[PDB]
Structure formats: structure tokens, C-alpha cells
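**Student:** Give me a model of this one.
(3 chains, ligands or ions: 3)
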Amino acid sequence: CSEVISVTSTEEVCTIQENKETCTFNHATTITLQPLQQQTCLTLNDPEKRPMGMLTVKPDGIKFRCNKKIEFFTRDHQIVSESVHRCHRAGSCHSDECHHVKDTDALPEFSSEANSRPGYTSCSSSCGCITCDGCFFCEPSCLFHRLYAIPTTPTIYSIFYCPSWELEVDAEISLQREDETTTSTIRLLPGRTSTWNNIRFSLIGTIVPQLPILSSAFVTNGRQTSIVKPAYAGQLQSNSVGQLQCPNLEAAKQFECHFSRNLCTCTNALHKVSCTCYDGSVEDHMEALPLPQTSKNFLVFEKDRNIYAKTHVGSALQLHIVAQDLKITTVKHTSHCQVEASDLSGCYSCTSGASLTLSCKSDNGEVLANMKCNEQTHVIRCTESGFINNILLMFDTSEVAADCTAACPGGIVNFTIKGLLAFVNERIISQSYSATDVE
Amino acid sequence: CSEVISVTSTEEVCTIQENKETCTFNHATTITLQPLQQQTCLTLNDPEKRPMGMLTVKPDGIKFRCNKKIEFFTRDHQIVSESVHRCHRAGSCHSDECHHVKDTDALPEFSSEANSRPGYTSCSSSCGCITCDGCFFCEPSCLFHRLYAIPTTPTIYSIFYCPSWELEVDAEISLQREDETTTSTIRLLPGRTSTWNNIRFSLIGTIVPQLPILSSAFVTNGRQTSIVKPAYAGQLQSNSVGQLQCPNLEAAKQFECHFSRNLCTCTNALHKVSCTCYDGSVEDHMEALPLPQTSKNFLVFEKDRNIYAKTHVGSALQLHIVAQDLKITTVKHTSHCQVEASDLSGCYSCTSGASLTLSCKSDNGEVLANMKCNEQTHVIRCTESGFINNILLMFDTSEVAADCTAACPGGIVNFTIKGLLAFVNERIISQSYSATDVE
Amino acid sequence: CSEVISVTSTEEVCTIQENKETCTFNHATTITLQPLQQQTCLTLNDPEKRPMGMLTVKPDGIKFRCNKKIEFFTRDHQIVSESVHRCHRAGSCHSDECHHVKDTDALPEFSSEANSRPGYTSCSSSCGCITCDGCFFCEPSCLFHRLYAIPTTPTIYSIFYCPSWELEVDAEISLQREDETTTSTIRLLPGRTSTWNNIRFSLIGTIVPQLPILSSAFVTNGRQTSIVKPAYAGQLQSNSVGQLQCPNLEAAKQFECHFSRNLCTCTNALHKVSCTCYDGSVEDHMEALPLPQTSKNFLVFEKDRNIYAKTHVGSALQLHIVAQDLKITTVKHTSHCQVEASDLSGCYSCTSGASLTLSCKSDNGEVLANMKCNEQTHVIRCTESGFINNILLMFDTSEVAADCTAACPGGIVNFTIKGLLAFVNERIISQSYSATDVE
Ligand SMILES: *[C@@H]1O[C@H](CO)[C@@H](O)[C@H](O)[C@H]1NC(C)=O
Ligand SMILES: *[C@@H]1O[C@H](CO)[C@@H](O)[C@H](O)[C@H]1NC(C)=O
Ligand SMILES: *[C@@H]1O[C@H](CO)[C@@H](O)[C@H](O)[C@H]1NC(C)=O
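**Tutor:** Numbering: from 1, shown residues only, chains lettered A, B, ... in the order given. Ligands and ions are numbered 1, 2, ... in the order given. Dropping the coordinates below:
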């Protein structure tokens, strides 16, 4: 098996029954486990029959459930322009009638059927003369201009942050007395002593690393999700998820959704005012950094519409087991180990890890190795046969060549890690898009 | 009483006095408490007189004090416009005199008494001809335009984030030997062994959940406060708290406070240039999400100008008690329980919790129940009589109907929870406001 | 020495060798240390020879390594303008040729050698008449306008956040049996039992405070660094680090770097269109809040291109030591203490702490003092001689005068702390800068 570190102590508990009291001696064992998909073994025994069956714990990690906050709905959108200009003393082009135009004024002046769709209106005044537009008097030309936004795809996008991530620890827990194997599954919570078959498990300690990726906009296209650069309700931060503000789901499907100016910077030409803006299709921002999103210490995955995020190595659960009328003793599994390296793969200085594949053999039950590169420090759990490991280190250069020294409970094993890593680009787009439909 | 989980161990400490040494045996007890406004009982005893008095601990939760960072002062503001236009060869409307106008140039051209108030100037050039404004020569008309900002209410608004929240644990701690009751109050800190009367308390462990709402703009209108979507010093992020940048308190009262363009998008008309902007009155953003602000795991409340934020259920303090020359033993309080449900209330997918009210009886000293709905998992502390509980679950749909199964140390108790939850809208306002005072 | 709080327990471990089993009794000791640059002593002994040598632990704190995410490159930049206007029926000033100008169109119309540098183009149309520009026909004057950006200094700026900060604990660990001193240095990790000479150290607990400054833009000018108000890839948030978006290092040196409009708000004059923008030189934002950046609970320092950040007081490591075939016992060091105060210094309500200097004497081996002001609570480790302490309290007013009561294991010591603190201003600049080079 593996090698954990433990403490054995005495627990004395007095139960209060109806007008009655019954005290109980016990033995209890606090074991400190780095979850790491280990195989943590234990041995039970009473004073009388020293063999009583082996116990096995396999923590699937330390996970955090999300507590959503649906903040911000949006849709694949395409912002378009429109304009219409008149001569003097015609339509609304007189003293102050075009000058008192309202922002949301749906004009009955060649505004197409899409007038209802959200947007903004504006009144400009260009030169008016017999060589400026072609009228007969030299009176300024009023220019009605209308921006709005169409959708593109019949879907909706739910943006949400996630405060108050809640702790949980699920463990595959098996027991082998003489012949059989129960291998139940348990859901431990930070103070709530669960009881699978006959033993009480409690989550006494958590040493999670401070990981501030847990506060960031998870976007959802129904079944699909991703992480994104934050955007906040009411600010219309351009060129990020949600330069369109749709508050309600029904407000999205019916498409009553506000956006802001400062996106499309219009410049006048007196015939076809040119408005250039960003062609925001959020699906891109999603594709920039989607889920699941593994990394060195954490990984953030959805499972039936709930964004769990767990950690493997940087943390160390601290568990407390009580065998009813027994006592527990761990098992230290001494064994050397051999290491088969590989070539690095992926990006350097990225939220993802510089990938690897370190096969390793144990000539014995699976044991743990505290791998130590130049700076970083990871762990692996290599066993008798094969058992590759993808471990996602975090170097920050292009060329990498270092002497990473694994260390199993036997003798350390030096080796070498080489590779050439490429830098990714998050993304970029400046204002180079425009589209107008004049009528 | 309740049921906590404990460890009893031996502590041997040798005190160094002046050229002297005195060692001491002891008994010590580490108990793991989910604060939850419990009533955690304990029983003291020496080898000689096994009754020595009961001890009672009632943790008020795990709280975080704030360490302010006053970043950003602002005021209820209303941005206004003004303009004045001239004919040719008059005032400053000649070769390049209007073209070299400075940004902060307080012009002596019909700029009212409010000229001193912050803002911006601009020089436009509209058509000039005998039908454009009414002058006699066909030379462009220079247009002086001035934006500025007035206050509305004689108050000030302090924006501040809060890094380095500090840990604290206050506990109501009572003792009952034979006749009386001391019920002191203690302030435990993460490593500093306090000593109330004759026993040493130390905060050995904290399992707080990762809660990234603790980094967000707390706004303060003196006695009142609230949480808000972040805004940063120097960016003038429109339509959020502080499109006005006031650095100093005295700089606010005297009102020397900068704001930026990109708020009011002006469009020319040669007589009354129309500038539309947001009517930012921060009191609104405050009313969007004020304090106190309870939720499922945490609540954030101010108490005498200090923003504490504590947690109840998601966490589990780990305490370490030492009775001087005694030993401690907990008490397990077996008792079944009955549950009286209620109807859900509030919002779904919101930082607030889907409210409930679960009365429950214990037929014995107050005990703990590990309530388990479909996904969520809360705890309650129901007792002999009445004792409602508001618990703020976190469902994420409109209709909700599930089989939540409470679980007391006796037998579990199935029941059903139904409700219809409504979605709230954070807020939204596009540029639909404008106000001008031409003279 | 100091006074720590401990637990002594029994550990029984059975090692599995090749087809062999060997069990081992032991003694183990879990000590709870607030790192605080203490001198935590310990005493070893077996049943036979009760003197076996003193042990000394000196934790350098609880530190967090950064796992970079290079997001955003930029450079000291200066944005400039340019323009050129023509008469009618000349160049590209006809029906719709200036009106179909592209955004990134490098025009062969007096666009200087710097045309290649990034920017934006625009076509305006001012009055055209015999008194508007001086042509002979009264046809509008097309105005070609070009914004771009030059660099200033031949350096590059790396912006990066830092998710998944990893835990580490380095400790100076010495031992003194009879004559000599080994004073090794150890690197403890959250679950990985290190072994310096003959004893196993493990990091069983961490009570770090929730500190949300650990998610903020660290900017780097090569050897220099600082903390800054966040900016995100693709949003071009004006007046903060990176209104220029340079994705790649090579893309910066060659200077192919995008920026956005909404910075320089141009206003037409038909000869010299005036464009005013912010003169962003990031070195300023760096100087606003540079590293190292000490505070009350944490400090964030770089050491060979790696941003460590450690904490001193608000936290309490929980360590677990095992002496091979011995047992450990702490030492309590009773001693009164004298305190020499000082005058406060620095800012109030700032991420930095209100500075102090509290000399203090111990008349014995260095001991610990739980200093308690009106609200705050710090700790110091004063010793026989001198030993100043800079402790960085966090008051939030200008005038401060309170009765801070130190408390050593002997009798408390009242004193008084006075001072006058000044408020700092983060920074501010509105649009008051412009520069044009017409040709
Ligand atoms: C492994 O590499 C380390 C470098 O840190 C070196 O100190 C050690 O001697 C090496 N072990 C070998 C070569 O067996
Ligand atoms: C309570 O509901 C659970 C569903 O999770 C079910 O398994 C159990 O049998 C129920 N108990 C009853 C009906 O007594
Ligand atoms: C020290 O000040 C405290 C105020 O909190 C007071 O209660 C105590 O009596 C003082 N001790 C003295 C004056 O010795």
C-alpha cells in the first residue's frame, strides 16, 4: 500500500440516554492524507483477535461545489447600423425637431421592421448647399442615424460568478475482512461525522491552497461551459462577454436586451455614416479557455449542471477514523521505484500545466514519490505495472532542461526532463468590423 | 446537549523559571465544533472526585474582521451640459483660437458661475452660411461646449475593498459546578492561547470554505453600507459606483473631483448640442444589494464601523481545551427528532439563499441534524420546544419539489420541500438621460 | 525560549518489507506554532537517558509560491495624432471614396514613415465653401485623420495575475545535543513528511487568513515589479496598465501591439483636429504601489523571478514531529517583560500598516507577547536585549490615541500609543494631454 502519517489517541465519550448515562472508551486514529487517488490502507484489531480485516480509503480529492449567482444573460449578437438623411424644410429637419429627438425614439422615417430591436438614435447636421447634397437652398442637412443589434443564433448564454464555494470530500471506501469486499462510497463534510458501515469518519482538517481562480465568470451555453475574463452587470465592458445586458431568460428569448454605445464609433459622411464595432460572438471567448480546465493543483469540471472544482496535490485532507471497539494501525510500504520519463508538452506560463507523462514501477504495492524539480514539487503514486502519470508542471520559459529527482521511501532516483514549450496568446481584436444596411 | 467529536490526549509541559525547571503532566481535549450556535457541553473530572462541574461552549461563529483600504470617494452626482456658439470673426472664432482651446479652459464666454466645477471643454465647427445660423458671411460657426458635474445631496460615499481579512472566533463560555453560572465571553485567535478563568483555549484548526465574495467593493454612506460591483481607482468605469473620482474626503466636501468623458456622448446640432449620459446616484447601487447580507454559508455585517463577516455551517472550528489538573469528557446526547417544514421563499440562483423555516422538536436537550436535500446539505440544532430555523438553501430553478431527509442521531426523518422561486434582476440602465442649461 | 502549545500522543506504524512485516511503537508531538520568527525549543528523551539534546525550530513563516499566467504585454507608450485635409474633387475626396475608407488603411496621403505603427483611420467631412477652407466651389472638405502610438523607452512590461498559489513552509531547524549545532534548513509541504537528519516533520495544519490581495495584477519591468489595479486581456480598460494590448514578447519588441479608441477623444476643427488622451507611462502605476509590499498580516516579495507571499501573525502552522525512538516535550518560558513604545508613522486606511517600533525586554530567553490595542491584536517576540519590532497596525483615522496593553506570560503591561496619520491618494488623471504632428 501507500505511506500516510498518523496519530493514535484515546477517545472517551459518555452518551446521555433518557435519564441514563453510558460512557465508552475507544481508540481513534487521525491520518493525514494527500488525496492524490491513493490507496491508503489500514489494519484493525482488538486486544483479543489481532487480525480483524483490512480497511482501504481512496479519496477522490477535495472538491468545492458552486453556489451559482446568475447575473447576466446574453446572446450571440451582431450590431448593425442604419441612417437616412433629408433636405431642408422636410420631414423633421427644421428648427429644433431633429434636435429634440429622443434616444429611444423609433422614428417613422425609413426605420425598417427591426426598429423595435434595442439600440440608439441620433441627429447629426452636415453641410447643406447646392454642392453638398443637391438641394436648392444652402441649409444644413439633418441626418437621422440609428444603431441596433440583431441576434445570430437561437441560443442563450448564462454568465455567472460563484461565491461561497462549499467544501466536500468524496471517498471510495472499501473493507476486506476475510473473503469479500464492500467498497462503498462516502460523502464527508467539514464537521459532520458520517457512518458508512460501522465506523465514524470526520473531516478534521483541510489545507487547501489559496487558489484565486475560484472567482471568475463561468459562462454557460446550456450543456457547454467555460471560464472567461470577468464582466459585471451594468457596465457593458466592451469586447468581453456581455457588451449586451440581458437580465432575464425570458428577456433574452424575447430579446429585450440592452447594450451601450462606445462599441460602434460612428463617423459621419452625410450619406453613409460609417459605424465600426466589435463582432462579438461569445462562443469565441468560450473557446479561449473551456472546461474541463485542468492545472497543476486544481481542476474545474461540471457534472450535471454543477461546477465542481477539486484539488489533488497542493492539499492534504486530515481525516479522523473511529473503529467501534477496535483500534487502527497504518501500514508503511517500503519499496524502491524506477522512473520512465517523457518529453514536455504544452504551454509555459499558462493556467494549464506543462504536460508530462512519467511512467514508473514499484516492485511492490503502489507507493508515493515526492518528485522535486529545480523549483516545483509534485507527487506521483507509481505501482507495480505501467501506470502512467500526467502531472502538469509549471515552468515559465521556452526551453526547459533540468534534473528532476524523484524520491520514493527507498532511495531517490535522479533523471532529466527536457522540452521546448510554446507561448499561447489569449486573444485580441481591435475595431476593424462594420456593417450597415441603409434604405 | 449536542454531539461533538473529540480526541483526548496527554500533554507534558516543562516550565522554565529563573534558574529552575518544573514539569507538569496534564490531560488535554481537542474537540471539533461546527459553530452553528450550538450548546457544546463537557464534563470535567480528576481521579479523586469524578464530579467537578459541567462546562459549556457556545461559539458565535468564525468571523473575519476587515482591514480597510479607503480607495475612492464619490458623491451623488448629476452631470450637466452647456454650450454657446458665435458667428465668424467674433470672440474666439477665428483662425486657430477656438482650435487651440485647452481641455480645462474656463472660458469667459457665458460659462456660468459653475465654471469652476470640474468638467471638460470642446470646440466644434458647424456650417456657416446665410441659412445655417443667420450670419452674413459663409464662414464656419465655432461652437464652444462645456460639460461639468453638480452634486445633488450633501453627503459623501466611501468605496473600499478589503484585503487581509483577519481571523477571529468569539465564544460565549459558561461553567456550572454546583450552583452558579459564570458565562464569560472569550475572543480566540488562531494561535494565541487565551485563559478565561482557569482553562486554556486555543484555535488549532479552521476549515473555512473558499468564499470569494470577501473581495468586493463595500460602499459606505456613513452609517449605511452595501456590496457593489467593483470599481477601481483611475478607470472611471461608467455606470458603476464612481464614474466620479474623488481622492480625499476634504477633496469631496470641497468637491474637487474628477470624472471622465465616455459618459455623456454629445452630438452636435449647432444650437443645442445634445449630450446624453447616465444619471448616476450611487444610492441605487447600494439599494441593489445592501448589508447585512445573509447567505447559505456566510453573512457580512457591520458593527461599529467594522465589516465583520462570519460563517456558520460550511466550516468547522477545531478547538483545544486544557483543564488545569483535570480531564475533559464530552457528552453524546441521543434523541430522536420531529420536523415541521414550511414553504420556500425568495430568489433562486442568487447570492441570497432560498429561504425556509424548519421548526423541529427533540424530546431532549438540543441536538444536531444533518439535513440532506437532493444536492445541498445543511445543519440545524432543533430542541425541545419550537425553535424555528431559517436556513437559506441554494436551489437554482423556479419550481422546486424534493425529498429532503433530515438526520438526527436517532432515526432519519423524511419529509418534502416545495416552492416556487422568482428570479431577481440585478439592474440595468442604458444612456437615456440628458439635461442641458444653455445661456 | 518561547511558549508553544502542544499535544503528545502515541504512533504505531507497521512497515511492509518484502514478504515481511515489522511494527514500531513511537511517541509523536503535534505543536501549534505561529511562525513569527520565533525560537521554538523542544527537549528529547528516552526512558533510559532523560537528557538527549535540545531541538530548535525557527519557522520563516507560511509562504505561497506563485504560478504565473503571463497574460498581457505592454510598453511605455505615447499616443499621437495626425491629419490632412483636401479640397473637393482631389485625392480621395469624391462621391464615396473617403466614405469607404478602411479602419486600418495606411493611406498614401502624407501619412509619415510611422504609418506602419498601429492605430486607426477616419474620414470626416467639414464645411466646404469659399470662406470655410479657401477652395473655389462650395463642396464639403474631406478630412483624413490618423491616430497611432509610438513607444518611449526600449523596455517591455509583463502583466500577470497569479492563480493557484502553492503552499510552502521553510524552517531553520537546529539541534544541540552536547557541544555542537547543525542548524539545517527544511522545506515542509502540506502533506509530504520531510526528514532532515533523524526526525520526520509534517505540515498537519494551516490556519492562513482569507487574504484577497493574492489575486491582483503583478506587473514586471524585468527586475522590478509591483501590484496594480486589474486589467484584462482584450478590454483595453483605459488609464490603467495596458490600454495597449501586446500578446507576445516578440510582438512587443517588434511592437505589433493593438490599442483601442475611447482613449483619445478627437474633436474636429477642419485644420488641426484636436485629439486628447491619457499619457500612459506604466512606470507610474508601478510607482503607485511597488514591491516588496509589507502589511499587517502578509508581505508579498519577489526572489529570483518568483513572487512569494508569506504571512506572519494572522496564521498558525500546525506541525507534527516524530523523534525516532524518543519522545518530545516542550518548554514553557515564564518571564515578565518591559515595553518601550514609539510614535506611529505612515498612512491610515491603507494596504500598508500604521508603522510602529516597540522595543521590549524580557529578563530571560525571548518570549511572546499578545499585544492588544483597542480593536486590533498583534504579537511580538521580545527578548533580553533591545530587539525592536515593526508591527504595522491598521487604524483608520487621522488622530490616534489608545491604551494598548501588551500581555506576556507574566503580568500584562499597559502603555499608550499616540500618533497622527496622513491619508495617501492612490492617483488620478483626467484627459488633459494631447499631442499632434500634422504634415
Ligand atoms: C542527484 O542530483 C542531486 C542534485 O540536486 C545531487 O545532489 C545528487 O548527488 C544526485 N544523485 C546521484 C547523482 O546519485
Ligand atoms: C427516505 O427517502 C430516501 C430517499 O433518498 C429513501 O431511500 C428512504 O427509504 C426513505 N425513508 C423512508 C421512506 O422511511
Ligand atoms: C490596563 O488597562 C485596562 C483597560 O482595558 C484596565 O482594565 C486595566 O485595569 C489596566 N491595568 C492597570 C492600570 O494596571
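**Student:** can you list the residues of the stretch 251-400 of chain A near chain C?
**Tutor:** Counting by C-beta under 8 Å from any C-beta of the partner chain, the stretch 251-400 of chain A comes close to chain C at A:262, A:265, A:267-272, A:274, A:276, A:295-298, A:314-316, A:318, A:329-334, A:349-351, A:364-365, A:370, A:375, A:377, A:379, A:394, A:396. (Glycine included, C-beta is placed from N, CA and C.)
**Student:** Need the distance between the two termini of stretch A:204-220.
**Tutor:** 35 Å (C-alpha to C-alpha, to the nearest Å).
**Student:** looking at it, residue A:125 is touching residue A:139, isn't it?
**Tutor:** No - using C-beta atoms under 8 Å as the test, residue A:125 is too far from residue A:139 to be in contact (9.9 Å).
**Student:** Looking at these two now, which is surrounded by more residues?
**Tutor:** Between residue A:125 and residue A:139, residue A:125 has the larger neighbour count (other C-beta atoms under 10 Å in any protein chain shown), namely 25 against 22.
**Student:** what residues are up against the more buried one?
**Tutor:** By C-beta atoms under 8 Å, 6 or more residues apart in numbering or on different chains, the contact set of residue A:125 is A:98, A:140-143, B:126-127, B:268-270.
**Student:** mind putting those in a markdown table, neighbour count and secondary structure included?
**Tutor:** As requested, those are exported to a markdown table (neighbours: other C-beta atoms under 10 Å in any protein chain shown; DSSP: H, G, I helix; E, B strand; the rest coil):
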| residue | neighbour count | secondary structure |
| --- | --- | --- |
| A:98 | 22 | coil |
| A:140 | 25 | coil |
| A:141 | 22 | strand |
| A:142 | 25 | strand |
| A:143 | 22 | strand |
| B:126 | 23 | strand |
| B:127 | 28 | coil |
| B:268 | 24 | coil |
| B:269 | 22 | coil |
| B:270 | 19 | coil |
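**Student:** got TSV for those, with distance to residue A:20 too?
**Tutor:** Below are those laid out as TSV (distance: C-beta to C-beta, whole Å):
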residue	distance to residue A:20
A:98	91
A:140	98
A:141	98
A:142	94
A:143	92
B:126	96
B:127	100
B:268	90
B:269	90
B:270	95
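**Student:** Kindly confirm my reading that residue A:250 is in a helix.
**Tutor:** Yes - using DSSP: H, G, I helix; E, B strand; the rest coil, the assignment for residue A:250 is a helix.
**Student:** Distance check, it against residue A:244.
**Tutor:** Look at residue A:250 and residue A:244: by C-beta to C-beta, to the nearest Å, they are 16 Å apart.
**Student:** These two: who's more crowded?
**Tutor:** The neighbour comparison of residue A:250 against residue A:244 (other C-beta under 10 Å) goes to residue A:244, with 26 against 11.
**Student:** Surely the more buried one is in contact with residue A:78?
**Tutor:** No - with contact defined as C-beta under 8 Å, residue A:244 does not count as touching residue A:78 (10.6 Å).
**Student:** where do the contact lists of those two overlap?
**Tutor:** Contacts common to residue A:244 and residue A:78, judged by C-beta under 8 Å, 6+ apart, are residue A:149.
**Student:** Backbone torsions only: list them for the residue nearest to residue A:344 when sequence neighbours are not counted.
**Tutor:** Nearest residue to residue A:344, sequence neighbours excluded (C-beta to C-beta, 6 or more residues apart in numbering or on different chains): residue A:419, at 2.6 Å. Here is the backbone geometry of residue A:419 (degrees, to the nearest 10): phi 170, psi 170.
**Student:** Next, count neighbours for residue A:134.
**Tutor:** Neighbours of residue A:134 (other C-beta under 10 Å): 9.
**Student:** do residue A:381 as well
**Tutor:** So residue A:381, with other C-beta under 10 Å, has 18 neighbours.
**Student:** Which element, helix or strand, includes the residue of the stretch 101-250 of chain A found nearest ligand 2?
**Tutor:** Closest approach between the stretch 101-250 of chain A and ligand 2, counting by C-beta to the nearest ligand atom: residue A:187, at 12.8 Å. Per DSSP states H and E, residue A:187 falls inside strand A:184-188.
**Student:** Could you list the paired strands of that strand along with their orientation?
**Tutor:** For strand A:184-188, the paired strands and their directions (DSSP bridges) read strand A:166-176 (antiparallel).
**Student:** May I see the buried residues of the partner strand?
**Tutor:** For strand A:166-176, a neighbour-count test (16 or more other C-beta atoms under 10 Å in any protein chain shown) marks A:166-171, A:173-175 as buried.
**Student:** How about the contacts made by residue A:371?
**Tutor:** Residue A:371 makes contact with A:358, A:377-380, A:391, A:404-407 under the criterion C-beta under 8 Å, 6+ apart.
**Student:** what about residue A:197, neighbour count?
**Tutor:** As a burial measure, residue A:197 scores 10 neighbours (other C-beta under 10 Å).
**Student:** no, scratch that, I was asking about residue A:215
**Tutor:** 21.
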